[PDB]
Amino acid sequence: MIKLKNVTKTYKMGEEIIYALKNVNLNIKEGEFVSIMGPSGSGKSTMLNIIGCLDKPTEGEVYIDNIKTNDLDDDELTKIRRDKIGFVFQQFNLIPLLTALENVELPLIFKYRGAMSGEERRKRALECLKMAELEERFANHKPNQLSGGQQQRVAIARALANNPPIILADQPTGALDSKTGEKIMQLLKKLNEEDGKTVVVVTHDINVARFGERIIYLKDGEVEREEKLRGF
């Protein structure tokens, strides 16, 4: 479902060439729940961004659902992202002037081909907010009228909106108390197991990582090692 083939991501800082990722190889099967851990700065978000078609590798190849994405243009990558990917940003990236509900309705409307009635919109968006454990009374608040954890739940609800087959979550529980985070992880488990969604979670929380069937550890831009939490 997701394949990174000899992926390198570099940045040129002055006269020095920096490696965010260096020759990484990764294959994630359809319906797999994979966790990604590693030191601050090890390359986790760069990896998730590349998998999410939000960034292109400097070298190497990327395949999402068998399609080589690394040579597609801006327009084309957008269609793939919208159809196949639900992305939970670490920084949330909510639109300031839209309410929590409107923020969730965005990717629903961008993906959906026809004309969706306001009633199906509100309804579906609400389902997403409920799955993301955010109380209905907060649906009307703008991002700046919400707490960090409430904002994180809006970010999670938005990733679910387009019912994408792939869910990429960058530290989805970072701003949540352990009880709320646990419900979020149970949601991801349910979508993965019952719905066959491919789930990839970047996290600094071992308890969160343990919901995966594999934990990939990065170190200095490279896959240092892997952990199989299931037999093979």
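Numbers for residues come from their place in the sequence shown, where the first is 1.
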Avg C-alpha B-factor, entry values, 124-132 vs 110-118, higher side is 110-118
43-51 versus 188-196: which one carries the higher mean Cα B factor per the record?
188-196
Candidate residues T180, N207, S35, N70, the one whose C-alpha B factor the record puts highest:
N70
Highest Cα temperature factor in the entry, among the options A100, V88, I80, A161: which one is it?
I80
Of the three thirds of Cα B-factor ranks in this chain, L218 occupies the lowest
Third assignment of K9 from its chain's C-alpha B-factors
lowest
Which third, lowest, middle or highest, does the CA B-factor of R153 fall in along this chain?
lowest
Among modelled residues of the same chain, the CA temperature factor third for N66:
highest
Of the three thirds of its chain by CA temperature factor, lowest, middle or highest, which one includes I17?
highest
